[PDB]
Amino acid sequence: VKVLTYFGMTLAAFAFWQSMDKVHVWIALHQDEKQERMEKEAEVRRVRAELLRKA
Amino acid sequence: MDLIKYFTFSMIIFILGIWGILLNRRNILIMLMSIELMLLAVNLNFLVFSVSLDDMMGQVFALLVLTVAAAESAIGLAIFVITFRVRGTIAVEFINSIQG
Amino acid sequence: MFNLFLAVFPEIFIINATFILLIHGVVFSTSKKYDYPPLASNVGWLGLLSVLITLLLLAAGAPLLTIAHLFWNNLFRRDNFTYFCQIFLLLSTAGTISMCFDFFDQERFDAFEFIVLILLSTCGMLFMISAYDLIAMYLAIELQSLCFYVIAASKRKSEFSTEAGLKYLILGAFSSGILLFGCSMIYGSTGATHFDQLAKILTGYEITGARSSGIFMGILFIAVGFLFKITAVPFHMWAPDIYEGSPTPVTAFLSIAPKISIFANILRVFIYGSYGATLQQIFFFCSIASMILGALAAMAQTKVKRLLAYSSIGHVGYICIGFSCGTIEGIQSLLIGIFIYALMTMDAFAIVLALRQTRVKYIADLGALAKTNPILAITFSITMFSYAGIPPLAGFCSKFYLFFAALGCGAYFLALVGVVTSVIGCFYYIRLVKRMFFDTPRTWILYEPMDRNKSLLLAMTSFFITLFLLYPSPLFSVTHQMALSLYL
Amino acid sequence: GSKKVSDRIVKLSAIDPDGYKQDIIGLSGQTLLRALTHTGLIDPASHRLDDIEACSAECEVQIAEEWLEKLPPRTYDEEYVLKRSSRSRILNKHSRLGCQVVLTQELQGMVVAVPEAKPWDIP
Amino acid sequence: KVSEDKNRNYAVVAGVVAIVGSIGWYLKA
Amino acid sequence: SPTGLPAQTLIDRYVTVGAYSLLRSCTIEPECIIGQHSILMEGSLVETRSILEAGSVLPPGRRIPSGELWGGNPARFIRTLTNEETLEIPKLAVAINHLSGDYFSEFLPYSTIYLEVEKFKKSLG
Amino acid sequence: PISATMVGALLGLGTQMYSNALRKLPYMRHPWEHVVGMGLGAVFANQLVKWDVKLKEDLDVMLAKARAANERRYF
Amino acid sequence: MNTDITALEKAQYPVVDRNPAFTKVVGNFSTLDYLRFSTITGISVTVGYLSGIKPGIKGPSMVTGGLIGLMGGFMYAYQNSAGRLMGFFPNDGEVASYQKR
Amino acid sequence: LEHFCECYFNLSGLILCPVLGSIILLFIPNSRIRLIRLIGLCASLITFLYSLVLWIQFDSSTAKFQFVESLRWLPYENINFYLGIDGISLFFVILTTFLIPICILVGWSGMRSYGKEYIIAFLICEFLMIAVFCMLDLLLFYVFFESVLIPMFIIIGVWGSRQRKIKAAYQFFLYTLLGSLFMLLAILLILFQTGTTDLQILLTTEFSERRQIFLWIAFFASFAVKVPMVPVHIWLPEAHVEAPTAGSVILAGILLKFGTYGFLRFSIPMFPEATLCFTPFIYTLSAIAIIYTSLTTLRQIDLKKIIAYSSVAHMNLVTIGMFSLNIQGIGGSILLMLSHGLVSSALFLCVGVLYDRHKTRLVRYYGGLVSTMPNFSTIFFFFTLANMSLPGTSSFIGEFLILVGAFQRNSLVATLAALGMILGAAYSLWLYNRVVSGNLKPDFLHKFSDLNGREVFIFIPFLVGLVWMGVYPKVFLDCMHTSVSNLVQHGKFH
Amino acid sequence: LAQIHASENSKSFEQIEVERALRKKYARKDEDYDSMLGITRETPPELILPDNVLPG
Ligand SMILES: C/C=C/C(=O)SCCNC(=O)CCNC(=O)[C@H](O)C(C)(C)COP(=O)(O)OP(=O)(O)OC[C@H]1O[C@@H](n2cnc3c(N)ncnc32)[C@H](O)[C@@H]1OP(=O)(O)O
Ligand SMILES: [Fe+3]
């Protein structure tokens, strides 16, 4: 490829990596919601088992 | 966020190796080179993990893997050379006689 | 200090003997004084002697292999299981080498380095069996694989041998990279590579909601590498092409020795380890796919070597069923199946190597063999009926356990697949008996009689196949012993 | 003596891979492959039986259309073998399996093209 | 009167030593 | 061969070549019987499941059709063989092989003549 | 009656004749080899029976350990 | 280098010396040890001779086989002697020269 | 627990006899035809005499397995196996030992081209078949039965007459293997409950109704391929026709009995509730097969295809009687089993005589053989009558006693089964008249020879056997009734 | 043809054994390993027939 094509590709990849950084920050920001959802679903399963174990 | 970025560097190298396998049906030399890319990505993971965990076991394996990569490249290029010599070409239509 | 190395006397001896044979072969093969003599058979006999002496050293010093276990702990672990696995591996190597002398002499394969590479791969498989860490496991696997890649392309002027070498190298390097990725993921997630440390960290949690995705994918990728190694579907397509294209002694060695070494590795990495049934489902689905594909593809084959390759794929499926069920009897039956399949495969390849002096290539080439060599046709038929699993032959044990585990573990689809695949296999095995006994071809092929080595080995394996079930207790007890040595 | 070997002799011509034409001789009732192996045009060791189950198209020949009319049509097994044994996996419309062609008196003067030999000696 | 192949003589002695050693090995084990 | 075909002498399986027969560049297809004192000349062919009578002479390039009985000097068609007759031929070959086994068992892999040569030398110094 | 030595000697004799027959040789081609094969078969059969006894003895101890470990759970 | 001879499975016979030196183990060789060594060396020399006739190097092949046999035979004898002295193998003879000496 | 019997004559020696014959023959040069023939014949004859002595010492008062003897498999003694017979299996052993020497005698003239391989195969078949009839274990029954497939495969494929033998042997092996695998699944199902596969034990273990039904269906699938039952009967025609004469004799006279014997030995007693629920189902399949396959027999044009198709109709009458679950039904089913093993074998022997001379099986080629082969014609007519269940012959005794047993349970199945009398007579007489009666056809056949001395002797024990059981079946019914009575009473206590 | 037959029939025991060994040594070939070794194995003259008896 031409030198300028290579450099334009490198600039595109730099933009892609900065977007990846934004994605990682977003995923980090939603840890608490995910743990809360996990806890609620675990409680659902445990209540269902304890009610089914009763019979 | 350091560790995730090092890991995604290794990740893109591994993914590029997979893609080189997928995209080079007619170019078995680049298939070999893609496999070498995958091996470099794993070697980097061991070094990055060794730094991250403060443990030297990652580095010992990194050196030994470099030895394995060297030997495997040597023998692979030997097999390439003999295949080329027998056929006079590297085209994949001449290495498909065994089938079924 | 010296006495610590009593734990590695067999490996030290075999490595040093291999070095001696390398030097001897290179010094006298290049000699003008002796007119550059072929040394494949001379070095082969000396290497068979070296293998037997290694087997004596290992077998006799059974307690001494566990000496200095704390000092050697971070390198390997020797116990009862590794002891018997290594003895079996050495016996398989010795039989394979014994079947090579007619090939060396009549084909004039004069390369002594073939024997040296077989010996080095045997050292590699010895180290594989005793591996107790991901690093050691990978290194021993790679030594083994590199030796195999070189020997598979040993007929360097042949289109078939070069093609087999190339396909082998590319696909094996791919799978090895996948497995190494798995090891790196496991190391990063747990900070450990020793099998004991991995056993402690993983036990008790499996998939408890908050599941380490790194450990999961490490297990997955390592399993993919192992499944490639045992020729399990869908990581199997290399095996038929490589088996066909390699020289027939290479095919014989690849069909037996590497299975023992990697099944030892599989049992020590996972059974000794701890994770969800996910891995057991992996091997279950691969077993089902392997039986189906092996049966159908073997039914399609017209050539003997390809048929044997697909038969081996089907049988590894049968064997992996025993790993999936996750019981002590599962491991026992897996070991019994590996043993019986190894003996049967050596029988079949002794017959194939005997017929390769006349260049047997097609199943149809066996026409009128019941007339031109009646005893040989009966011996091959006993082997084929053992392969089909017909009782009272030794091959019936694998079928019996396949159905036993299924009706116990509660599986019925598995029972159906086993029934259909067993019937298909019986058909394509008895096709060979029909060709040797029932057909009346216009043109016959008269085969040169085999040498003494292959006849003795054939006689012994045929007696074992027909008579093992009359006195099977030692195998049952030794396999049960090994299964328990893994845990306690 | 009433019955002679020359009664069964079928004249033939074969064009080798290098293009030079040779007059070859075969017995009617036997296969084209046997006539081709008499003079070594096809190596006899590469194809020892006249059976479709012992064929990897080592016996493959190319025949012009004016002689294909005079032969029985290719069966499914023959076309399967020819197609799989092609390097490009393409069936050649003028290709025949020599082990399946039986020489007859009606094939006098037929021209056959002998392609380059495929590898056959599996290690 | 005499066998002159010295390598063959050494090999004969080696075979004899192997046989006698095997016998003694059995008898003292 | 005058026929142009390869001139190797090929005696196929289950062929009984009667005593005092002369063969030269002839082909005998499987399951045939050649009568005693017969002559088969260059390029001649005897097709499968045929019988030649004793004293038969087959000129060069001549042919014996399959399933027939021929004889004479030169060989002439006599009659067509019944299927039971043709089934008898490999049985004759097998019986002759069985007889030859009795002779094969009379010889050990080595003779004892070398001892006679030894003593004949020793008496001669 | 039927002992390990007898069965082993018979199997060694059978192997030598089977090996001779596979090579299309006469059954009794090298009779000293038949003697050697009978000896080897007898040795192998006696050793196999002894080894089976030892293996069962070892398996009993190891199953004792396994059962002790498994019975530890109910304490 | 920290070393530890401790074996996984304990010795079943009286331990005469837990880590015997090289010279002591060699000096402990019995007539059975020299019989095993000589048998392995003789078999190896025989195999070297017989396998070397066809290439024409029976002499050098005998030497190579004898080297392999000497190595393996010494290894086997050293194994047996050291295992007797450490109590891994039945060693009534070693115990006699220990109680007495 | 060692169960060694005190009797001098026991099952072990009878088992060993043909094994010893086979081991002796492997080493005798094929050049020694006279010796090979005499060794095989003498071994088979000694086995037959031994079986007769086994009959002599039989107790007809007991329901306990007789001559019971055990063989150890492991020094752990967890898995121990037993041999024993009763009133149900004794006569099948005697029949096997009687039929094997006949098979050796049939190929006497062609033994120059057969060889030791022919005698060895039949001796190995004899040993395996006797073993199968003498087992008190579900697992050994499976092994020894599954083992009989290899020598039968060889016998069909090597000494069969035409190239159709390839397809015939393939179908035989594959059908039988499928059935055997289904039995294996049932044997493991039982083992998981019981921890053992010993017949004497499983006779004393209760099975749940649901598991009884499921175990019955797996045992059914195995036995119904061997009976044979519709629609898995189509392997029998090709297999029995394409086989050599002695092969056909063994296939129809002994091998067909394994399925009905498996119903009597295992399925019926072990699952008495499952047996009752499935009786209408068994009755329907059996009655359809008798009517359908008899009409098919009428339109067959091959001598051997007619005789082979006849066996399917006869075996499905046997199933009707044994599932009637009374004395007449089960006793009649066993008697027809043995009688069929004599009549069918003799009829296969008659056709083999004709095919050996003329090498054709098409009915249209023959005709008028009464004027050239009167001795063969007279013997052919007698066995033709015995195939129509004519009173005085042995097959009438089994046929009527089954119809009696079926009538007391279901009148409808007895009426449909009795239609075998009309149809069985139609094709049997049509076959006899088209072959033996009429005028010669010299364009097809002009050279004939009646039976020689060997062929006459072969038929004599068959003629004596059918007349003997036909007029005085008490010698057989006396030795069977106690075992039969306890089979019927099994599972109920009133 | 008489010349080759007369030559063969008059050979002594020692020459017969030498030529038996030569015939065994040159019965097959491994020209590939020879090329790896850089040598060319030639048929000895005692095993080569004169051109006047060959079919060509
Ligand atoms: C390099 C080394 C060279 C050597 O030393 S040779 C080695 C030994 N080889 C020989 O001796 C071969 C000798 N060749 C011949 O004898 C031969 O026949 C011969 C060369 C006369 C004649 O062979 P022909 O094939 O040329 O026979 P004709 O063409 O003359 O046929 C005439 C007629 O005679 C009859 N026939 C011919 N030949 C004979 C005879 N002999 N007898 C009886 N009847 C015969 C026959 O009916 C013939 O009619 P057809 O069959 O319709 O063609
Ligand atoms: Fe072909």
Side-chain angles (χ1 to χ4, degrees), chain C residues 302-303 361-365 441-443, chain D residues 1-9 30-37 41-63 71-72 74-86 91-92 95-103 112 114-115 117-120, chain F residues 1-5 7-9 20-26 37-46 52-53 55-65 70-78, chain J residues 1-5 52-56:
Chain C
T302 61
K303 298 186 263 174
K361 181 184 171 178
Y362 300 101
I363 289 150
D365 294 340
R442 171 73 191 52
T443 293
Chain D
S2 275
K3 296 292 184 289
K4 283 190 162 83
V5 176
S6 46
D7 307 334
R8 289 180 68 191
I9 291 289
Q30 297 179 348
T31 65
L32 180 53
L33 166 65
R34 179 79 43 77
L36 291 168
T37 58
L41 278 180
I42 288 176
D43 193 359
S46 82
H47 207 318
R48 278 179 299 180
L49 311 187
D50 284 305
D51 176 357
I52 188 57
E53 316 266 317
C55 175
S56 291
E58 301 93 347
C59 56
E60 210 209 281
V61 296
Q62 278 87 42
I63 305 179
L71 309 167
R74 291 180 310 199
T75 87
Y76 170 90
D77 298 344
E78 172 161 1
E79 316 214 350
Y80 190 74
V81 161
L82 296 168
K83 181 173 199 274
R84 62 192 319 281
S85 300
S86 278
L91 184 52
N92 192 316
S95 270
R96 303 292 313 241
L97 285 177
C99 71
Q100 303 298 292
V101 176
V102 177
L103 290 194
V112 154
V114 173
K118 326 166 163 62
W120 57 269
Chain F
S1 160
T3 64
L5 285 172
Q8 51 183 279
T9 298
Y20 250 99
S21 296
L22 317 170
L23 284 70
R24 173 171 222 261
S25 286
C26 53
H37 221 187
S38 288
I39 297 174
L40 279 70
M41 312 203 217
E42 294 87 342
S44 63
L45 165 74
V46 183
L52 264 173
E53 275 192 347
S56 299
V57 182
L58 198 53
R62 265 60 158 200
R63 176 179 53 90
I64 306 294
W70 275 55
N73 179 12
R76 292 308 190 221
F77 173 70
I78 297 183
Chain J
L1 281 182
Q3 310 279 56
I4 68 168
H5 280 267
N52 55 5
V53 304
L54 289 200

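Here is the naming used below: chain letters follow the sequence lines, and residue numbers restart at 1 for every chain. Indexing begins at 1, ligand by ligand and atom by atom, following the structure's order.
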- [ ] Walk me through it: do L5(F) and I9(D) pass the test side-chain contact (heavy atoms from CB on, under 4.5 Å)?
- [x] CA-CA 9 Å; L5(F) 285 172; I9(D) 291 289; 3.9 Å; yes
- [ ] Report the C-alpha distance between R48(D) and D365(C) in whole Å, list the side-chain angles of each, state the deciding distance to 0.1 Å, and finish with yes or no for side-chain contact (heavy atoms from CB on, under 4.5 Å).
- [x] CA-CA 9 Å; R48(D) 278 179 299 180; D365(C) 294 340; 4.3 Å; yes
Quick check on ligand 1: any N or O pairs to the protein under 3.5 Å? One line per pair.
unit_1   : atom_1 : unit_2 : atom_2 : d
ligand 1 : 9 (N)  : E42(F) : OE2    : 3.2
ligand 1 : 25 (O) : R62(F) : NH1    : 2.5
ligand 1 : 27 (O) : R62(F) : NH2    : 3.2
ligand 1 : 31 (O) : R62(F) : NH2    : 3.0
ligand 1 : 42 (N) : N73(F) : OD1    : 3.4
ligand 1 : 47 (O) : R76(F) : NH2    : 2.9
ligand 1 : 51 (O) : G1(D)  : N      : 1.8
ligand 1 : 51 (O) : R62(F) : NE     : 3.1
ligand 1 : 51 (O) : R62(F) : NH2    : 3.2
ligand 1 : 52 (O) : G1(D)  : N      : 3.1
ligand 1 : 52 (O) : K4(D)  : NZ     : 3.2
ligand 1 : 53 (O) : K4(D)  : NZ     : 2.7
ligand 1 : 53 (O) : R62(F) : NH2    : 2.7

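Atoms SG of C59(D) and SG of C55(D), as seen from the Fe ion (ligand 2), are separated by an angle of 110°, to the nearest 10°.
A donor-acceptor contact shorter than 3.5 Å is absent between the side chain of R8(D) and the backbone of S6(D). A donor-acceptor contact shorter than 3.5 Å is absent between the side chain of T302(C) and the backbone of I363(C). Side chain of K361(C) to backbone of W120(D): a donor-acceptor contact under 3.5 angstrom is found.
A salt bridge links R63(F) with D7(D); the closest basic N to acidic carboxylate O contact falls under 4.0 Å.
Sorting the N, O or S atoms of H47(D) by how far they are from the Fe ion (ligand 2) puts NE2 first.
When each of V46(F), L45(F), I39(F) is checked for a side-chain contact (heavy atoms from CB on, under 4.5 Å) with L58(F), only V46(F) meets the rule.
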